[PDB]
Amino acid sequence: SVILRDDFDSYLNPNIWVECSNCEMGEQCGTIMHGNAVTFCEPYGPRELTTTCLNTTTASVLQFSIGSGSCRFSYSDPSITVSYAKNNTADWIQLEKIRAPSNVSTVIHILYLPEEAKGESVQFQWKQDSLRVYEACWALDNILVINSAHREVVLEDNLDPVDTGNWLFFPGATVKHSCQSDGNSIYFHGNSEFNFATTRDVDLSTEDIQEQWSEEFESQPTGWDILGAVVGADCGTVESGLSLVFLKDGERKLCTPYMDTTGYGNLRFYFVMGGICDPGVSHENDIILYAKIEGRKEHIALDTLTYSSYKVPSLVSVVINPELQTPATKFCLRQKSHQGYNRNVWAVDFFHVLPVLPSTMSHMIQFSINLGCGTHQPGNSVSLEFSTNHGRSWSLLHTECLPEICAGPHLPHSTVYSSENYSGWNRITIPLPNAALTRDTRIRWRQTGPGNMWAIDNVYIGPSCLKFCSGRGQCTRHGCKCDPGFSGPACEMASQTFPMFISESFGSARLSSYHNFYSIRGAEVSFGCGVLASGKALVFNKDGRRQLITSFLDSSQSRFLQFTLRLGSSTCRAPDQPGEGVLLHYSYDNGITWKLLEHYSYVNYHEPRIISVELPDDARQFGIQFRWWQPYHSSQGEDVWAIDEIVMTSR
Ligand SMILES: *[C@@H]1O[C@H](CO)[C@@H](O)[C@H](O)[C@H]1NC(C)=O
Ligand SMILES: *[C@@H]1O[C@H](CO)[C@@H](O)[C@H](O)[C@H]1NC(C)=O
Ligand SMILES: *[C@@H]1O[C@H](CO)[C@@H](O)[C@H](O)[C@H]1NC(C)=O
Ligand SMILES: [Ca+2]
Ligand SMILES: [Ca+2]
Ligand SMILES: [Ca+2]
Ligand SMILES: [Ca+2]
Ligand SMILES: [Ca+2]
């Protein structure tokens, strides 16, 4: 899994590092990643850090963080080489050369290791060029050499005990019992620029794909924008048959036609630079991947393909953002610069697109998370992201796509988790998107606020348990571990029964008395919106989440769900912007899958309306919840809506 790892807070460890040249292991420059770093601050002397011998036979990537922290950063100091040597000789071969840190930011460097650096006796060396005074300092932290050999399709870790091989780094966190966890968890105390937990790469590839559109480039395609390319096989087989080989003098650019992407969530293609072809040599030969919407001049950046990452044909997987799911979106690859004909050559093949989620729902992630740890901390929020290029770039695992605002497939919730909406420990269960179903995919939980406390536990990543255990179980390597009171391979058999009716006129001003509802957020019971049915109504006034979730029901013998709704009229001013309407969802797997039932435009309900929703078969279920929710509002006393007289019956 890992050939080398050191955050310098786990011990210099003489089994990892030769004695350094004029360094200190500590906090002389403050936080780089977290805790201690290897710092260089002497005015003279060689500045050098060197590993002991390593077996890099199947080493793929070298990663490290570098920066000046709170120390003086460089304007004119000599640059810093990253090199390797074999057989404990002094013949250092340069891998990369980077200028000494010249901002305050810490940069994470990802280096793809050439073949000649893969051997049985290899060291790596960080060394600053010698002087002819160092006016500045620099520091190293979180050094990692990944192993490509030994590989898994499932990652399971409840930290009891932790498998260190499952994790790269978690800066700001410790594996320990805290935050009222079940045994150990990954606990962030809240002390610092980076606070995240990153998994190792997992093999989430699938045996076949169900693409509905593809381009194989067996002849120059019609309607594309193609500059500087020939249809051929100069770089060898990129996927199958011929490919687009960008070997010409001049501009090298590839653009799809404007496409209807409103049903697509994942763009894929195979790519290679060098190898059989002439390789790129520096980052000016990099490929820029961007998108464009028809009618609008702006280029939406997507990713960058680096000259060193794709020396063999490799799958590139990119998320088509909700802003890019339009009736006319095009995708473009452009090289920055090259050194002439047949120089720094790249090739692409088998462009194809996939839906947001695979039809099979074949893979999932599940975890427990606590935000705040027994104290609601505003601004405490964790984004769940994935990478398919060894951490070079990251994407939110799911991005919301809601009516009017988004034209793509309906996706109600982004994989973002804030303290405002969660209390204590909560289990999150998510089907993985197609774009993450690759062959080196890693996951990370990243704090996006500041000193916020949080923790994660019971992590599962891999093939989906049956029905994601129906929201009533933990998915394990060996199937569902069901919660108390539930049983079966998907935890579908329940011991309790649920009411086959609901009825609420909202006579009580105390939200704590509503046991027929699971959640009442952002609302009060009052006359603020006048009379809807009779007496008071539930008026959604407040800042933050505005939602109403019924308790668990049994709608198997129910025909309709009925309620009175009003959107706006001074204490009930109507929603004024698109997407500020109300959505009705249902879920019968404990909130894993919220299915859209109806959408009430912000433009249609100024006078109270008796709404009667005839239930489709899929919404007549034992153990179901109905939710009314306003995802967007101006969060004051604005865009107010109200509900009253909720009724469901059964025969
Ligand atoms: C070095 O790594 C390779 C590939 O992982 C392995 O076959 C070899 O046995 C290793 N050498 C030693 C001394 O462990
Ligand atoms: C250097 O390392 C190579 C690894 O392929 C080994 O075969 C060779 O014997 C070594 N030679 C010396 C002089 O150390
Ligand atoms: C660090 O330098 C990079 C390179 O120009 C830049 O993108 C970034 O904004 C800099 N950080 C700060 C805090 O200026
Ligand atoms: Ca550290
Ligand atoms: Ca645990
Ligand atoms: Ca082809
Ligand atoms: Ca009422
Ligand atoms: Ca508004």
# chains A, B, ... in the order shown; residues from 1 in each chain; ligands from 1
$ residues_near_ligand --ligand "ligand 3" --cutoff "12 Å" --atoms "only C-alpha atoms and all ligand atoms" --output "ChimeraX atom specification"
/A:66-70,73-74,98-108,193
$ write_last_selection --atoms "N, CA and C atoms" --output "PDB file, in the first residue's frame"
ATOM      1  N   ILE A  66       5.232  21.472   0.842  1.00  0.00           N
ATOM      2  CA  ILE A  66       6.366  22.371   1.008  1.00  0.00           C
ATOM      3  C   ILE A  66       5.852  23.798   1.136  1.00  0.00           C
ATOM      4  N   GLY A  67       6.569  24.597   1.914  1.00  0.00           N
ATOM      5  CA  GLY A  67       6.205  25.983   2.124  1.00  0.00           C
ATOM      6  C   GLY A  67       7.105  26.603   3.165  1.00  0.00           C
ATOM      7  N   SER A  68       6.929  27.912   3.346  1.00  0.00           N
ATOM      8  CA  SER A  68       7.677  28.657   4.348  1.00  0.00           C
ATOM      9  C   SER A  68       6.917  28.832   5.655  1.00  0.00           C
ATOM     10  N   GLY A  69       5.609  28.585   5.664  1.00  0.00           N
ATOM     11  CA  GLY A  69       4.841  28.740   6.890  1.00  0.00           C
ATOM     12  C   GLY A  69       4.864  30.177   7.372  1.00  0.00           C
ATOM     13  N   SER A  70       5.247  30.362   8.633  1.00  0.00           N
ATOM     14  CA  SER A  70       5.396  31.690   9.213  1.00  0.00           C
ATOM     15  C   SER A  70       6.817  32.229   9.099  1.00  0.00           C
ATOM     16  N   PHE A  73       9.707  33.883   3.412  1.00  0.00           N
ATOM     17  CA  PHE A  73       9.707  33.182   2.136  1.00  0.00           C
ATOM     18  C   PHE A  73      10.670  33.850   1.163  1.00  0.00           C
ATOM     19  N   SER A  74      11.020  33.112   0.115  1.00  0.00           N
ATOM     20  CA  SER A  74      12.070  33.531  -0.796  1.00  0.00           C
ATOM     21  C   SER A  74      11.562  34.540  -1.817  1.00  0.00           C
ATOM     22  N   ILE A  98      11.991  22.972  -8.313  1.00  0.00           N
ATOM     23  CA  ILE A  98      10.976  23.951  -7.961  1.00  0.00           C
ATOM     24  C   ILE A  98      11.656  25.111  -7.253  1.00  0.00           C
ATOM     25  N   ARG A  99      11.172  26.323  -7.512  1.00  0.00           N
ATOM     26  CA  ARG A  99      11.725  27.482  -6.834  1.00  0.00           C
ATOM     27  C   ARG A  99      11.423  27.395  -5.344  1.00  0.00           C
ATOM     28  N   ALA A 100      12.286  28.011  -4.546  1.00  0.00           N
ATOM     29  CA  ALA A 100      12.048  28.053  -3.114  1.00  0.00           C
ATOM     30  C   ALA A 100      10.715  28.744  -2.846  1.00  0.00           C
ATOM     31  N   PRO A 101       9.961  28.293  -1.844  1.00  0.00           N
ATOM     32  CA  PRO A 101       8.657  28.901  -1.555  1.00  0.00           C
ATOM     33  C   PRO A 101       8.730  30.420  -1.496  1.00  0.00           C
ATOM     34  N   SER A 102       7.876  31.065  -2.290  1.00  0.00           N
ATOM     35  CA  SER A 102       7.873  32.513  -2.434  1.00  0.00           C
ATOM     36  C   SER A 102       6.536  33.160  -2.086  1.00  0.00           C
ATOM     37  N   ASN A 103       5.544  32.390  -1.644  1.00  0.00           N
ATOM     38  CA  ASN A 103       4.343  32.915  -0.999  1.00  0.00           C
ATOM     39  C   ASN A 103       4.316  32.347   0.430  1.00  0.00           C
ATOM     40  N   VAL A 104       3.217  32.579   1.149  1.00  0.00           N
ATOM     41  CA  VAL A 104       3.049  31.947   2.455  1.00  0.00           C
ATOM     42  C   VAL A 104       2.335  30.603   2.366  1.00  0.00           C
ATOM     43  N   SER A 105       1.692  30.305   1.240  1.00  0.00           N
ATOM     44  CA  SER A 105       0.877  29.104   1.129  1.00  0.00           C
ATOM     45  C   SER A 105       1.743  27.852   1.119  1.00  0.00           C
ATOM     46  N   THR A 106       1.160  26.757   1.594  1.00  0.00           N
ATOM     47  CA  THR A 106       1.771  25.444   1.476  1.00  0.00           C
ATOM     48  C   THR A 106       1.250  24.759   0.221  1.00  0.00           C
ATOM     49  N   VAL A 107       2.161  24.204  -0.568  1.00  0.00           N
ATOM     50  CA  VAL A 107       1.826  23.547  -1.824  1.00  0.00           C
ATOM     51  C   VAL A 107       2.064  22.054  -1.661  1.00  0.00           C
ATOM     52  N   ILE A 108       1.078  21.257  -2.058  1.00  0.00           N
ATOM     53  CA  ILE A 108       1.218  19.807  -2.111  1.00  0.00           C
ATOM     54  C   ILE A 108       1.688  19.435  -3.509  1.00  0.00           C
ATOM     55  N   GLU A 193      -4.111  25.598   8.081  1.00  0.00           N
ATOM     56  CA  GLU A 193      -4.691  25.773   6.754  1.00  0.00           C
ATOM     57  C   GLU A 193      -5.446  24.544   6.260  1.00  0.00           C
TER      58      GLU A 193
END
$ residues_around --residues "stretch 537-552 of chain A" --least-positions-apart "3" --cutoff "6 Å" --atoms "only C-alpha atoms" --output "JSON list (two decimals) with N, CA, C and O atoms, in the first residue's frame"
[["chain", "number", "residue", "atom", "x", "y", "z"],
["A", 506, "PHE", "N", -52.03, 21.72, 13.16],
["A", 506, "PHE", "CA", -51.08, 22.69, 13.71],
["A", 506, "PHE", "C", -51.74, 23.61, 14.74],
["A", 506, "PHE", "O", -51.60, 24.83, 14.70],
["A", 516, "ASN", "N", -45.72, 13.14, 15.31],
["A", 516, "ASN", "CA", -46.01, 12.64, 13.97],
["A", 516, "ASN", "C", -45.07, 13.24, 12.92],
["A", 516, "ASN", "O", -45.21, 12.91, 11.74],
["A", 517, "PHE", "N", -44.13, 14.08, 13.33],
["A", 517, "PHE", "CA", -43.13, 14.63, 12.42],
["A", 517, "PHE", "C", -41.73, 14.38, 12.96],
["A", 517, "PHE", "O", -41.48, 14.55, 14.15],
["A", 518, "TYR", "N", -40.84, 13.96, 12.07],
["A", 518, "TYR", "CA", -39.46, 13.69, 12.44],
["A", 518, "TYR", "C", -38.64, 14.97, 12.56],
["A", 518, "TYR", "O", -37.76, 15.07, 13.42],
["A", 519, "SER", "N", -38.91, 15.96, 11.70],
["A", 519, "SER", "CA", -38.12, 17.18, 11.65],
["A", 519, "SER", "C", -39.00, 18.36, 11.29],
["A", 519, "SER", "O", -39.81, 18.28, 10.36],
["A", 520, "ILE", "N", -38.85, 19.45, 12.03],
["A", 520, "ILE", "CA", -39.51, 20.72, 11.74],
["A", 520, "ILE", "C", -38.43, 21.79, 11.87],
["A", 520, "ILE", "O", -38.04, 22.15, 12.99],
["A", 521, "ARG", "N", -37.94, 22.30, 10.74],
["A", 521, "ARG", "CA", -36.82, 23.24, 10.71],
["A", 521, "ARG", "C", -37.25, 24.57, 10.10],
["A", 521, "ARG", "O", -37.95, 24.60, 9.08],
["A", 522, "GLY", "N", -36.81, 25.66, 10.73],
["A", 522, "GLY", "CA", -36.95, 26.98, 10.15],
["A", 522, "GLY", "C", -38.36, 27.53, 10.13],
["A", 522, "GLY", "O", -38.68, 28.36, 9.28],
["A", 523, "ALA", "N", -39.21, 27.09, 11.06],
["A", 523, "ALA", "CA", -40.62, 27.42, 11.00],
["A", 523, "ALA", "C", -41.15, 27.73, 12.39],
["A", 523, "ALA", "O", -40.54, 27.39, 13.41],
["A", 524, "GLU", "N", -42.31, 28.38, 12.41],
["A", 524, "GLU", "CA", -43.09, 28.62, 13.61],
["A", 524, "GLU", "C", -44.54, 28.31, 13.28],
["A", 524, "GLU", "O", -44.94, 28.28, 12.12],
["A", 525, "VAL", "N", -45.33, 28.07, 14.32],
["A", 525, "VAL", "CA", -46.77, 27.85, 14.18],
["A", 525, "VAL", "C", -47.47, 29.14, 14.59],
["A", 525, "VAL", "O", -47.40, 29.54, 15.76],
["A", 526, "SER", "N", -48.14, 29.80, 13.65],
["A", 526, "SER", "CA", -48.71, 31.12, 13.90],
["A", 526, "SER", "C", -49.68, 31.47, 12.78],
["A", 526, "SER", "O", -49.96, 30.64, 11.90],
["A", 623, "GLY", "N", -42.73, 2.04, 5.95],
["A", 623, "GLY", "CA", -41.52, 2.73, 6.37],
["A", 623, "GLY", "C", -41.11, 3.82, 5.40],
["A", 623, "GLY", "O", -40.04, 3.75, 4.79],
["A", 624, "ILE", "N", -41.96, 4.83, 5.25],
["A", 624, "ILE", "CA", -41.74, 5.90, 4.29],
["A", 624, "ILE", "C", -41.83, 7.23, 5.03],
["A", 624, "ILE", "O", -42.45, 7.33, 6.09],
["A", 625, "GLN", "N", -41.18, 8.25, 4.47],
["A", 625, "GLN", "CA", -41.25, 9.60, 5.01],
["A", 625, "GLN", "C", -41.50, 10.56, 3.86],
["A", 625, "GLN", "O", -40.99, 10.36, 2.75],
["A", 626, "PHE", "N", -42.32, 11.58, 4.11],
["A", 626, "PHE", "CA", -42.58, 12.64, 3.16],
["A", 626, "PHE", "C", -41.93, 13.92, 3.67],
["A", 626, "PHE", "O", -41.96, 14.21, 4.87],
["A", 627, "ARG", "N", -41.35, 14.69, 2.75],
["A", 627, "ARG", "CA", -40.61, 15.89, 3.11],
["A", 627, "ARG", "C", -41.01, 17.06, 2.22],
["A", 627, "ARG", "O", -41.00, 16.94, 0.99],
["A", 628, "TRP", "N", -41.35, 18.18, 2.85],
["A", 628, "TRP", "CA", -41.53, 19.46, 2.19],
["A", 628, "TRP", "C", -40.32, 20.33, 2.50],
["A", 628, "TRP", "O", -39.91, 20.42, 3.67],
["A", 629, "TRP", "N", -39.74, 20.96, 1.48],
["A", 629, "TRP", "CA", -38.44, 21.57, 1.65],
["A", 629, "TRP", "C", -38.27, 22.72, 0.67],
["A", 629, "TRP", "O", -38.56, 22.56, -0.52],
["A", 630, "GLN", "N", -37.84, 23.87, 1.17],
["A", 630, "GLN", "CA", -37.48, 25.02, 0.35],
["A", 630, "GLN", "C", -35.96, 25.11, 0.32],
["A", 630, "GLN", "O", -35.35, 25.60, 1.29],
["A", 635, "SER", "N", -33.43, 34.05, 3.37],
["A", 635, "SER", "CA", -33.02, 33.80, 4.75],
["A", 635, "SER", "C", -33.10, 35.06, 5.63],
["A", 635, "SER", "O", -32.11, 35.52, 6.20],
["A", 636, "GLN", "N", -34.31, 35.60, 5.74],
["A", 636, "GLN", "CA", -34.58, 36.68, 6.68],
["A", 636, "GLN", "C", -35.98, 36.50, 7.24],
["A", 636, "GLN", "O", -36.21, 35.66, 8.12],
["A", 637, "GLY", "N", -36.92, 37.30, 6.76],
["A", 637, "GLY", "CA", -38.33, 37.02, 6.86],
["A", 637, "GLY", "C", -38.85, 37.00, 5.44],
["A", 637, "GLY", "O", -39.95, 37.49, 5.15],
["A", 640, "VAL", "N", -41.37, 33.65, 2.32],
["A", 640, "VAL", "CA", -42.09, 32.86, 3.30],
["A", 640, "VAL", "C", -43.13, 31.99, 2.61],
["A", 640, "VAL", "O", -43.78, 32.41, 1.64],
["A", 641, "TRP", "N", -43.27, 30.76, 3.09],
["A", 641, "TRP", "CA", -44.33, 29.86, 2.66],
["A", 641, "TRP", "C", -44.93, 29.21, 3.90],
["A", 641, "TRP", "O", -44.37, 29.29, 5.00],
["A", 642, "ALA", "N", -46.08, 28.57, 3.73],
["A", 642, "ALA", "CA", -46.81, 28.01, 4.85],
["A", 642, "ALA", "C", -47.54, 26.75, 4.41],
["A", 642, "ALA", "O", -47.88, 26.58, 3.24],
["A", 643, "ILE", "N", -47.78, 25.87, 5.37],
["A", 643, "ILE", "CA", -48.47, 24.60, 5.13],
["A", 643, "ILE", "C", -49.43, 24.35, 6.28],
["A", 643, "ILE", "O", -49.22, 24.83, 7.40],
["A", 644, "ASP", "N", -50.50, 23.61, 6.00],
["A", 644, "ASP", "CA", -51.52, 23.37, 7.01],
["A", 644, "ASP", "C", -52.37, 22.19, 6.57],
["A", 644, "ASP", "O", -52.46, 21.87, 5.38]]
$ select_by_dssp --residues "stretch 147-394 of chain A" --states "helix (DSSP H, G or I)" --output "PDB file with C-alpha atoms, in the first residue's frame"
ATOM      1  CA  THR A 164      -2.872   2.558   8.482  1.00  0.00           C
ATOM      2  CA  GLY A 165      -2.755   1.257   4.905  1.00  0.00           C
ATOM      3  CA  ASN A 166      -6.303   2.534   4.285  1.00  0.00           C
ATOM      4  CA  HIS A 283       4.439  21.741 -17.705  1.00  0.00           C
ATOM      5  CA  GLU A 284       4.177  24.048 -20.699  1.00  0.00           C
ATOM      6  CA  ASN A 285       3.241  20.909 -22.669  1.00  0.00           C
ATOM      7  CA  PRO A 322     -24.728  20.865 -12.899  1.00  0.00           C
ATOM      8  CA  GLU A 323     -23.757  24.184 -14.493  1.00  0.00           C
ATOM      9  CA  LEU A 324     -22.466  22.163 -17.480  1.00  0.00           C
TER      10      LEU A 324
END
$ residues_around --residues "residue A:161" --least-positions-apart "6" --cutoff "12 Å" --atoms "only C-alpha atoms" --output "list in words"
residues 175, 176, 177, 182, 183, 184, 185, 186, 457 and 458 of chain A
$ write_last_selection --atoms "N, CA, C and O atoms" --output "CSV table (one decimal), in the first residue's frame"
chain,number,residue,atom,x,y,z
A,175,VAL,N,-6.3,9.3,15.5
A,175,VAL,CA,-7.1,8.1,15.7
A,175,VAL,C,-7.2,7.8,17.2
A,175,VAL,O,-6.2,7.5,17.8
A,176,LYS,N,-8.4,8.0,17.8
A,176,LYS,CA,-8.5,7.8,19.2
A,176,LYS,C,-10.0,7.8,19.6
A,176,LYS,O,-10.8,8.1,18.8
A,177,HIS,N,-10.2,7.4,20.8
A,177,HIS,CA,-11.6,7.5,21.4
A,177,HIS,C,-11.8,8.9,21.9
A,177,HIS,O,-11.1,9.4,22.7
A,182,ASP,N,-17.8,5.3,19.0
A,182,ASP,CA,-17.8,3.8,19.2
A,182,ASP,C,-16.3,3.4,19.1
A,182,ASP,O,-15.8,3.2,17.9
A,183,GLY,N,-15.6,3.2,20.2
A,183,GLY,CA,-14.2,2.9,20.1
A,183,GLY,C,-13.4,4.1,19.6
A,183,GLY,O,-13.7,5.2,20.0
A,184,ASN,N,-12.5,3.8,18.7
A,184,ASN,CA,-11.7,4.8,18.1
A,184,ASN,C,-12.5,5.5,16.9
A,184,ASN,O,-13.3,4.8,16.3
A,185,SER,N,-12.2,6.7,16.6
A,185,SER,CA,-12.6,7.4,15.4
A,185,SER,C,-11.4,8.3,14.9
A,185,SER,O,-10.4,8.3,15.6
A,186,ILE,N,-11.6,8.9,13.8
A,186,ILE,CA,-10.7,9.9,13.3
A,186,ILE,C,-11.2,11.2,13.8
A,186,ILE,O,-12.2,11.8,13.3
A,457,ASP,N,-16.2,7.8,11.4
A,457,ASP,CA,-16.0,6.5,11.9
A,457,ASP,C,-16.8,5.5,11.0
A,457,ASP,O,-17.5,6.0,10.1
A,458,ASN,N,-16.5,4.2,11.2
A,458,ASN,CA,-17.3,3.2,10.4
A,458,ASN,C,-17.3,3.4,8.9
A,458,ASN,O,-18.4,3.5,8.3
$ atom_distance --atom1 "atom CA of residue A:110" --atom2 "atom CA of residue A:9"
21.1 Å
$ closest_atom_pairs --of "chain A" --to "ligand 2" --cutoff "7 Å" --atoms "only C-alpha atoms and all ligand atoms" --output "Markdown table"
| residue | atom | partner | partner_atom_place_in_ligand_line | distance |
| --- | --- | --- | --- | --- |
| A:86 | CA | ligand 2 | 2 (O) | 6.2 |
| A:87 | CA | ligand 2 | 14 (O) | 4.9 |
| A:119 | CA | ligand 2 | 4 (C) | 6.1 |
| A:120 | CA | ligand 2 | 4 (C) | 6.2 |
| A:121 | CA | ligand 2 | 2 (O) | 6.7 |
$ write_last_selection --atoms "C-alpha atoms" --output "JSON list (two decimals), in the first residue's frame"
[["chain", "number", "residue", "atom", "x", "y", "z"],
["A", 86, "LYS", "CA", 20.37, 4.09, -6.74],
["A", 87, "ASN", "CA", 22.57, 1.70, -4.76],
["A", 119, "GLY", "CA", 14.32, -0.22, -8.25],
["A", 120, "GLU", "CA", 15.30, -2.35, -5.29],
["A", 121, "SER", "CA", 17.61, 0.24, -3.64]]
$ residues_around --residues "stretch 225-237 of chain A" --least-positions-apart "5" --cutoff "8 Å" --atoms "only C-alpha atoms" --output "number ranges by chain"
A: 217-220, 242-257, 272-277, 313, 345-347
$ write_last_selection --atoms "N, CA and C atoms" --output "CSV table (one decimal), in the first residue's frame"
chain,number,residue,atom,x,y,z
A,217,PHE,N,-13.2,7.7,-33.2
A,217,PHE,CA,-12.2,8.4,-34.0
A,217,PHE,C,-11.5,7.4,-35.0
A,218,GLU,N,-12.3,6.4,-35.5
A,218,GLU,CA,-11.8,5.6,-36.6
A,218,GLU,C,-11.8,6.3,-37.9
A,219,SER,N,-12.3,7.6,-37.9
A,219,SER,CA,-12.2,8.5,-39.0
A,219,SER,C,-12.4,9.9,-38.4
A,220,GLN,N,-12.0,10.9,-39.0
A,220,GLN,CA,-12.1,12.3,-38.4
A,220,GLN,C,-13.6,12.5,-38.2
A,242,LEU,N,-8.0,3.3,-34.4
A,242,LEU,CA,-7.2,4.5,-34.5
A,242,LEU,C,-7.6,5.5,-33.4
A,243,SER,N,-6.7,6.6,-33.4
A,243,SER,CA,-6.9,7.6,-32.4
A,243,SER,C,-6.7,9.0,-33.0
A,244,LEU,N,-7.0,10.0,-32.3
A,244,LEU,CA,-6.6,11.4,-32.7
A,244,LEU,C,-5.3,11.7,-32.2
A,245,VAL,N,-4.3,11.8,-33.1
A,245,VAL,CA,-2.9,12.1,-32.7
A,245,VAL,C,-2.6,13.5,-32.9
A,246,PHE,N,-2.2,14.3,-31.9
A,246,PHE,CA,-1.9,15.7,-32.0
A,246,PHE,C,-0.4,15.8,-32.1
A,247,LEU,N,0.1,15.8,-33.4
A,247,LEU,CA,1.5,15.8,-33.7
A,247,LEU,C,1.9,16.9,-34.6
A,248,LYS,N,0.9,17.7,-35.0
A,248,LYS,CA,1.2,18.7,-36.1
A,248,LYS,C,1.8,20.0,-35.5
A,249,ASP,N,2.5,20.7,-36.3
A,249,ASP,CA,2.9,22.1,-36.0
A,249,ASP,C,1.7,22.9,-35.9
A,250,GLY,N,1.7,23.9,-35.0
A,250,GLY,CA,0.6,24.8,-34.8
A,250,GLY,C,-0.3,24.5,-33.6
A,251,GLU,N,-1.5,25.1,-33.6
A,251,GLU,CA,-2.4,24.9,-32.5
A,251,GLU,C,-2.9,23.5,-32.4
A,252,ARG,N,-2.9,22.9,-31.2
A,252,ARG,CA,-3.4,21.5,-31.0
A,252,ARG,C,-4.6,21.7,-30.1
A,253,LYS,N,-5.8,21.6,-30.6
A,253,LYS,CA,-7.0,21.8,-29.9
A,253,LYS,C,-8.1,20.8,-30.4
A,254,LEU,N,-8.9,20.3,-29.4
A,254,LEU,CA,-9.9,19.4,-29.7
A,254,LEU,C,-11.2,19.8,-29.0
A,255,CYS,N,-12.3,20.0,-29.7
A,255,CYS,CA,-13.6,20.3,-29.1
A,255,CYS,C,-14.7,19.5,-29.6
A,256,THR,N,-15.5,19.0,-28.7
A,256,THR,CA,-16.7,18.3,-29.1
A,256,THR,C,-17.7,19.2,-29.8
A,257,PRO,N,-18.7,18.7,-30.5
A,257,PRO,CA,-19.8,19.6,-30.9
A,257,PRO,C,-20.5,20.0,-29.6
A,272,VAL,N,-3.0,9.8,-23.8
A,272,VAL,CA,-1.6,9.4,-23.6
A,272,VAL,C,-0.8,10.6,-24.1
A,273,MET,N,0.4,10.8,-23.4
A,273,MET,CA,1.4,11.8,-23.9
A,273,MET,C,2.7,11.1,-23.8
A,274,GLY,N,3.4,11.0,-24.9
A,274,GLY,CA,4.7,10.3,-24.9
A,274,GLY,C,4.6,8.8,-24.9
A,275,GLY,N,5.4,8.1,-24.2
A,275,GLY,CA,5.5,6.7,-24.2
A,275,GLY,C,6.1,6.3,-25.6
A,276,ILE,N,5.2,5.7,-26.4
A,276,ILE,CA,5.6,5.4,-27.8
A,276,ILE,C,5.9,6.7,-28.6
A,277,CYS,N,5.1,7.7,-28.3
A,277,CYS,CA,5.3,9.0,-28.9
A,277,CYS,C,6.4,9.8,-28.2
A,313,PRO,N,-1.5,4.8,-22.2
A,313,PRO,CA,-2.9,5.2,-22.3
A,313,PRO,C,-3.6,5.0,-21.0
A,345,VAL,N,4.0,15.0,-28.2
A,345,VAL,CA,2.8,14.5,-28.9
A,345,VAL,C,1.8,13.8,-27.9
A,346,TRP,N,0.5,14.1,-28.0
A,346,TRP,CA,-0.5,13.5,-27.2
A,346,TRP,C,-1.6,13.0,-28.1
A,347,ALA,N,-2.3,12.0,-27.6
A,347,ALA,CA,-3.4,11.3,-28.4
A,347,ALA,C,-4.5,11.0,-27.5
$ residues_near_ligand --ligand "ligand 7" --cutoff "8 Å" --atoms "only C-alpha atoms and all ligand atoms" --output "ChimeraX atom specification"
/A:504-507,531-538,644-645
$ write_last_selection --atoms "N, CA, C and O atoms" --output "compact mmCIF listing (two decimals), in the first residue's frame"
# COMPACT_ATOMS: atom_id res chain seq x y z
N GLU A 504 -52.58 16.54 10.78
CA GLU A 504 -52.03 17.64 11.56
C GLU A 504 -52.69 18.94 11.12
O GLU A 504 -52.59 19.32 9.95
N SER A 505 -53.36 19.61 12.06
CA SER A 505 -53.94 20.93 11.84
C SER A 505 -53.10 22.05 12.43
O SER A 505 -53.44 23.23 12.23
N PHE A 506 -52.03 21.72 13.16
CA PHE A 506 -51.08 22.69 13.71
C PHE A 506 -51.74 23.61 14.74
O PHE A 506 -51.60 24.83 14.70
N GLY A 507 -52.45 22.99 15.69
CA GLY A 507 -53.00 23.74 16.80
C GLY A 507 -52.00 24.12 17.88
O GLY A 507 -52.23 25.09 18.61
N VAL A 531 -54.89 32.58 7.44
CA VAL A 531 -55.51 31.28 7.58
C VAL A 531 -55.39 30.52 6.27
O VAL A 531 -55.80 31.03 5.21
N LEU A 532 -54.82 29.32 6.32
CA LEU A 532 -54.73 28.47 5.14
C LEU A 532 -55.92 27.52 5.08
O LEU A 532 -56.72 27.58 4.14
N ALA A 533 -56.04 26.64 6.07
CA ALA A 533 -57.24 25.82 6.21
C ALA A 533 -58.10 26.40 7.33
O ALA A 533 -59.11 27.06 7.07
N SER A 534 -57.69 26.17 8.58
CA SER A 534 -58.36 26.75 9.73
C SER A 534 -57.32 27.03 10.80
O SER A 534 -56.36 26.28 10.95
N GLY A 535 -57.53 28.12 11.54
CA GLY A 535 -56.63 28.43 12.64
C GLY A 535 -55.23 28.75 12.16
O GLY A 535 -55.02 29.35 11.10
N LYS A 536 -54.24 28.34 12.96
CA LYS A 536 -52.85 28.60 12.66
C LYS A 536 -52.33 27.65 11.58
O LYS A 536 -52.96 26.64 11.24
N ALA A 537 -51.16 27.99 11.04
CA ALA A 537 -50.47 27.16 10.06
C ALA A 537 -49.00 27.07 10.45
O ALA A 537 -48.54 27.74 11.38
N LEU A 538 -48.26 26.22 9.75
CA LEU A 538 -46.82 26.11 9.93
C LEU A 538 -46.15 27.06 8.95
O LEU A 538 -46.18 26.84 7.74
N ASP A 644 -50.50 23.61 6.00
CA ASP A 644 -51.52 23.37 7.01
C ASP A 644 -52.37 22.19 6.57
O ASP A 644 -52.46 21.87 5.38
N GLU A 645 -52.99 21.52 7.56
CA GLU A 645 -54.01 20.51 7.31
C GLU A 645 -53.47 19.36 6.45
O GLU A 645 -53.95 19.10 5.34
